[PDB]
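Residue numbers (the entry's author numbering), protein chains in the order written: chain C, 3 to 298; chain B, 3 to 298; chain A, 3 to 298; chain D, 3 to 298. Cβ atoms here follow ideal geometry from the backbone N, Cα and C, with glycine treated the same way. Take a look at the structure set out below.
There are 4 protein chains.
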Amino acid sequence: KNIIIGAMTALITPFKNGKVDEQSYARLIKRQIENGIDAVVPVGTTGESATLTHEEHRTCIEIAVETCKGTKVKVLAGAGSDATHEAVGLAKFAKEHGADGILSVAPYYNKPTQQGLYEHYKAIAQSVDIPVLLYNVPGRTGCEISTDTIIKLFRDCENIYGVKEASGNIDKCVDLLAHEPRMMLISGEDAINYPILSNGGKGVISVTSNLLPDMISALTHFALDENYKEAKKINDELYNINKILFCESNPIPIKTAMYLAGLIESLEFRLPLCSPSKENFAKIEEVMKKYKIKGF
Amino acid sequence: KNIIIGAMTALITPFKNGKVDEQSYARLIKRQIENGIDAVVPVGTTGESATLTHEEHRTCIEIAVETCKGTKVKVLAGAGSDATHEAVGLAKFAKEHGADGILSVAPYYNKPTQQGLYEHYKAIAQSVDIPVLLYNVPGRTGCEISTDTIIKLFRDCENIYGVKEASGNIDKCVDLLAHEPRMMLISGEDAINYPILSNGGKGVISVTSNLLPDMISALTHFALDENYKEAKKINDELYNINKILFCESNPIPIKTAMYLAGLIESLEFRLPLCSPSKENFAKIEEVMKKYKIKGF
Amino acid sequence: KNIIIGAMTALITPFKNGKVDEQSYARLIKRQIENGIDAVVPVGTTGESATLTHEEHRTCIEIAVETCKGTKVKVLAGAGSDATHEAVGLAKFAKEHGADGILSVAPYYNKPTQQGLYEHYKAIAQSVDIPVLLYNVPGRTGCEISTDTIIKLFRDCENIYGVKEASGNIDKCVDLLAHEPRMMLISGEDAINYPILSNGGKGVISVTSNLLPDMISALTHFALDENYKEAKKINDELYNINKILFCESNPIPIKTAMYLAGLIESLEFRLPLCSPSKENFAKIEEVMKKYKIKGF
Amino acid sequence: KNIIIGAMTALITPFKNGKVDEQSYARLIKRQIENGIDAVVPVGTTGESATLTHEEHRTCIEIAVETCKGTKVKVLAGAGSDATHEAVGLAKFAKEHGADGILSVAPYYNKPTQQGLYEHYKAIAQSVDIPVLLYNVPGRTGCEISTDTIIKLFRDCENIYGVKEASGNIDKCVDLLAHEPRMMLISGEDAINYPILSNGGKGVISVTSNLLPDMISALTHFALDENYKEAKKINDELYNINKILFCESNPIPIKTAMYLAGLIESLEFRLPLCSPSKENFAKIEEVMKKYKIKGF
Ligand SMILES: [Mg+2]
Ligand SMILES: [Mg+2]
Ligand SMILES: [Mg+2]
Ligand SMILES: [Mg+2]
Numbered sequence: 003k004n005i006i007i008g009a010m011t012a013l014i015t016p017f018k019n020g021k022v023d024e025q026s027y028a029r030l031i032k033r034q035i036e037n038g039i040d041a042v043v044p045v046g047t048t049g050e051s052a053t054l055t056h057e058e059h060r061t062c063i064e065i066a067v068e069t070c071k072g073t074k075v076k077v078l079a080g081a082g083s084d085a086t087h088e089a090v091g092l093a094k095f096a097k098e099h100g101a102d103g104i105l106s107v108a109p110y111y112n113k114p115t116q117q118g119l120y121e122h123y124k125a126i127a128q129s130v131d132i133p134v135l136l137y138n139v140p141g142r143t144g145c146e147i148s149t150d151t152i153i154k155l156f157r158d159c160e161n162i163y164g165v166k167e168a169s170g171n172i173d174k175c176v177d178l179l180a181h182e183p184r185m186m187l188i189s190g191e192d193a194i195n196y197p198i199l200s201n202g203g204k205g206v207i208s209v210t211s212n213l214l215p216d217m218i219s220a221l222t223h224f225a226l227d228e229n230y231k232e233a234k235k236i237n238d239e240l241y242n243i244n245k246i247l248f249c250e251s252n253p254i255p256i257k258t259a260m261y262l263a264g265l266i267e268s269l270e271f272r273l274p275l276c277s278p279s280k281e282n283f284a285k286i287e288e289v290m291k292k293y294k295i296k297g298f
Numbered sequence: 003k004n005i006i007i008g009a010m011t012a013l014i015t016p017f018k019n020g021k022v023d024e025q026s027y028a029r030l031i032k033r034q035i036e037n038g039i040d041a042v043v044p045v046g047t048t049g050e051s052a053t054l055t056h057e058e059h060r061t062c063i064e065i066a067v068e069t070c071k072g073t074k075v076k077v078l079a080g081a082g083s084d085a086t087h088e089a090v091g092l093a094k095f096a097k098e099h100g101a102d103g104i105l106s107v108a109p110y111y112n113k114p115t116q117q118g119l120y121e122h123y124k125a126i127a128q129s130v131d132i133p134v135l136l137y138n139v140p141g142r143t144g145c146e147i148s149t150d151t152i153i154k155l156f157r158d159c160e161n162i163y164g165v166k167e168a169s170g171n172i173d174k175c176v177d178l179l180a181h182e183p184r185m186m187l188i189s190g191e192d193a194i195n196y197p198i199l200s201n202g203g204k205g206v207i208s209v210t211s212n213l214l215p216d217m218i219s220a221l222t223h224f225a226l227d228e229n230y231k232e233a234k235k236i237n238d239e240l241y242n243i244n245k246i247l248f249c250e251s252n253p254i255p256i257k258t259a260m261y262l263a264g265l266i267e268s269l270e271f272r273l274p275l276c277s278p279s280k281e282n283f284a285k286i287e288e289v290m291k292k293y294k295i296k297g298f
Numbered sequence: 003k004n005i006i007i008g009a010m011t012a013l014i015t016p017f018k019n020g021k022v023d024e025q026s027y028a029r030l031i032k033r034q035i036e037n038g039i040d041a042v043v044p045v046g047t048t049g050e051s052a053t054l055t056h057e058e059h060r061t062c063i064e065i066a067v068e069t070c071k072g073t074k075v076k077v078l079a080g081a082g083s084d085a086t087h088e089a090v091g092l093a094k095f096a097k098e099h100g101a102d103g104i105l106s107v108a109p110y111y112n113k114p115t116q117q118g119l120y121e122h123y124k125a126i127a128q129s130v131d132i133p134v135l136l137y138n139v140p141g142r143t144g145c146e147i148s149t150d151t152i153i154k155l156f157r158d159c160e161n162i163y164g165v166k167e168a169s170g171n172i173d174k175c176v177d178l179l180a181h182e183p184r185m186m187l188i189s190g191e192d193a194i195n196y197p198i199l200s201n202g203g204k205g206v207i208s209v210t211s212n213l214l215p216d217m218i219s220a221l222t223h224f225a226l227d228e229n230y231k232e233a234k235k236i237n238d239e240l241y242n243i244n245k246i247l248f249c250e251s252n253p254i255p256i257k258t259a260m261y262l263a264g265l266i267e268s269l270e271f272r273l274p275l276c277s278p279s280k281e282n283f284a285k286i287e288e289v290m291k292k293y294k295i296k297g298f
Numbered sequence: 003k004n005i006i007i008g009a010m011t012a013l014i015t016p017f018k019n020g021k022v023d024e025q026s027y028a029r030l031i032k033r034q035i036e037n038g039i040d041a042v043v044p045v046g047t048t049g050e051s052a053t054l055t056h057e058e059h060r061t062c063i064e065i066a067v068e069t070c071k072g073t074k075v076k077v078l079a080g081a082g083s084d085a086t087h088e089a090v091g092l093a094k095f096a097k098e099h100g101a102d103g104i105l106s107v108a109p110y111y112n113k114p115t116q117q118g119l120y121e122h123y124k125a126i127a128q129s130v131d132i133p134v135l136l137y138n139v140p141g142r143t144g145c146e147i148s149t150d151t152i153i154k155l156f157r158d159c160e161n162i163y164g165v166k167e168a169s170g171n172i173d174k175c176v177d178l179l180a181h182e183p184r185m186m187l188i189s190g191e192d193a194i195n196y197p198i199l200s201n202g203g204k205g206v207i208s209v210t211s212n213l214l215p216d217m218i219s220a221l222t223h224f225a226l227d228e229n230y231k232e233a234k235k236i237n238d239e240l241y242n243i244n245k246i247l248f249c250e251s252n253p254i255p256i257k258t259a260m261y262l263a264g265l266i267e268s269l270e271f272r273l274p275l276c277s278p279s280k281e282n283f284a285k286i287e288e289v290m291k292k293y294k295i296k297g298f
């Protein structure tokens, strides 16, 4: 299969006066490229995909594609939906705009059955000829793509090559790779990047890498080179920031951290997301003190 | 406050050849009206709001408004979204399409903080001058509107008049009405309709009432008259069907039952929803035999 | 069946210099009797049964039996264990010491299957000729007596007459009484005493009644007479104290409250239980100021 | 600190006509020694400690100590209790009976606070001069030893050297070893033995090793020698048996497998534990056929 693996960043989407700051966005993607990232994920969960318009979705993908031109860095575009017809259209659109692959979140809110999830992803995979990464985050969606459904999709659909797991369940990661060792398991939970990689995971889609792209890329590349000692050392050092970046719902902490570090101009979200509490604002600032944050 | 309470039905959305069956939809609402229902909820969770287009959202609301004209039955239109700007637009559309009130689900997937939830609903409430009922279903959304946030919204916003609770948490129902006895607590979980009403709840938004509107109507009106003995009797008799209607994710079982009862032509869903398993199809059919299902 | 229902108190066990304060214990029981309580539960969870010796178990049961003599008040002795051979011995023990019935918690820690739970309680019930109340508290035991297992035990074992439910699950309470309306469902969760009673529950085994026995007794008798308005009023008024009495693991808050009220001489627990933090000590003290606490 | 690490077995306790089969117990331990195990754990959870008498506790510890004498295999005796005074006595008795260290489960059922857990284990640690391993299994105890409490106990008490984790929470494993890399984190959940070891865990206390001691000891020794490829291979191969051994509550499946393998004479438990369902009996038998089971 064609795959998209390695160190990847779920890009935040900076706002300026309520609009997407397109210049800041490209600047941030170039900063990821210059710090060893292998792929960028525009308009994922961390990018506030839920509150962007379809045109903003396209703008972010196009900027990502344009900024990665002439580099090895791939664009794995977020294109999920709770409606299969919309997810198919979003997958096709992302392919139009030049994306290298698709990240497709499991349907949220409507809690489809495993049979429904299979038909959902089959339709998406059959609509394009680029790689498709499943995305399991039951804490957000209210549903879980079971191991059996993931493996069936991997084996039955040419484009589907793995899953981004954000479920806090290392047992499921063992289950997945013990029964289907050919799939690409991608960590969607920064604090446990190293345990997923050390079990045969092949990449991360990281929130923390927005702030510390050099450290996350180094961790991932050490692990991929089977230098497990050095990968674990970075994972252990990153634990404090990895956890504080979820003291409130992502991406509220990571955007707060990017603002405190001077990497974005304004601490601006789109409702229903908003600024953190003053206490959590201060807690994030404290945790950042121990880390060296790359500039532009 | 202006309120919409009593026995209410979360209307299923019948499909025919991939399209909303507009004739069937009106016929089902008329059947609800003729069996003692006090309000209907077009395009809620049970109505597959996630997979309908904006045009189909508009059409279902318009059919409900037109069908309820000249009756006492109110239209409480589903108008929630995980994007505040989108929820505001849907609320304004429902008011302009003639809805009597709004049912607004808590933002799904992006997990806003309580502060974000407050600002989200404040913006919705200020955009219209019709009643707004909050809707808490953390099993589907991944977030919980806290009692403090519900009570703050009730006291701060004139049009927010209560909450549809679908959280299986009777402790919270006590918490809500002990600290704010003026709000309208509405049961969003059929199996525990009677316990919520007996604690001072003033209505239900029911899945079961699609199939058994006369029984749910009788249950609610018995309870509202403090005939708790007769209300509990109906709630107990309904437990088996109330539970089997969630053997798979709602609305898969209720649509299956409506099809088995001859109330809809086609057992059609929009992906990622699909037909139940063969075993659950047979279990739903068996449980239905205990109950007298009104026709048209 | 022979039953023990009504307003019942899970008695705290006061300590003085590391030993059971036997005079205080008797005086506290008399105070419960004089404030309308229908039965007392020595050496339940609230009585720190886990850290008492078998000799101290006997002493508490004997004091309860002797103090209730010549009154209508029954003694429902705690007699559970995670070992069936030990639970049988404790049940026979309590019957021999003159207890009117036994409360037998589901086996903790070793997580028996439903079949094992059935055989466990069958063995206890066949060992005595006094009523047996099951006790489901999965948050403490790590296991759940299913509705099916409870109903089978009620129907198959003559002395098993109901269950004390401490699971926060009003759906299960509907399930239990809809399928077996002859059983005695007893609330083991103070905050939701009224909802359980209004669905046909026939008593409470209360923590709060240690502090406010007159209020819990009145709530229960209002509810048993279907004076739901009055019962709900008390339940709502009690919500704040009902919740603060679990700000730390019971019986740490209730013993703190009893000490603050002057009802026990020393705030002494047996390890691993200990004094609350200073912040929760102050929270309990503040909440108590809203309630009228009866003396001796 | 003095430590007990490596591949360890939570020994089942075979019964014959209701009594501990002492000859079988010795035979099974010698079998563990012959297949590379580094320590044995008599009368843990897997050993049905809850239903053994004090005299049976001593017999099992004495048989383990004598069978391991003159070998390098250590005896890590189960000595926990929900009562601190009892846990202190059990620790002293295990020491007197010749154990090399103690495994002390967190108090079950009574749910002590973190302050209470600290004082509980401090009292245990001060009562003996042999190593003490904490044991966190919240699914059984209803309480969790927090990372902060574990680390404080490790730093404040000379005998306390690590924790057996059975919580399915690899995030906590990173948390523990990132903040206190000197502690001995021991896997108490077979399915994730390799992920815990690859993050710096230093041993396992295994259920599966009762049946497959050679495979578990090799997995552990591969991992400790930093041969992660071979450790993961065994962990992946063992996943099916690792999961089926918990299709019902441990130790019901492992005793069933040991009986099916001919390693014990009778499939006898002490109530409330009992034989598995006929369906799970067959599933266990089917899974076992894929594995080479060492004899005596
Ligand atoms: Mg296949
Ligand atoms: Mg009207
Ligand atoms: Mg309802
Ligand atoms: Mg009337």
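Check the DSSP bridge columns for residue i and list the partner residues they point to.
| i | result |
| --- | --- |
| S208 of chain A | A:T11 |
| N195 of chain B | Answer by DSSP bridge pairing: none, since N195 of chain B is not bridged. |
| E232 of chain C | DSSP lists no partner for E232 of chain C. |
Ligand 1 and residue i: does any heavy atom of the ligand fall closer than 7 Å to the residue's C-beta?
| i | result |
| --- | --- |
| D150 of chain C | no |
| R157 of chain C | yes |
| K234 of chain D | no |
| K74 of chain D | no |
| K3 of chain C | no |
| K285 of chain B | no |
For residue i, count the other beta carbons within 10 Å of its own beta carbon; 16 or more makes it buried, fewer makes it exposed. Which is it?
| i | result |
| --- | --- |
| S268 of chain C | exposed |
| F17 of chain B | buried |
| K231 of chain D | exposed |
| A180 of chain C | buried |
| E191 of chain C | buried |
| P183 of chain C | exposed |
| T73 of chain B | exposed |
| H56 of chain B | exposed |
Taking only heavy atoms of ligand 2 into account, decide whether any of them is closer than 7 Å to the Cβ of residue i.
| i | result |
| --- | --- |
| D40 of chain B | no |
| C70 of chain B | yes |
| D131 of chain B | no |
Collect the residues with a C-beta less than 7 Å away from any heavy atom of ligand 4 and give them in sequence order along the chain.
B:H223 and B:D227
Just to be sure I understand the criterion: a residue counts if its Cβ is closer than 7 Å to at least one heavy atom of ligand 3. Which residues meet that?
B:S189, B:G190, B:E191, B:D192, B:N195, B:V206, B:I207, B:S208 and B:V209
Restricting to runs no shorter than 3 residues, where is the beta strand (DSSP E) found entirely within the region 89-125 of chain A?
103-107
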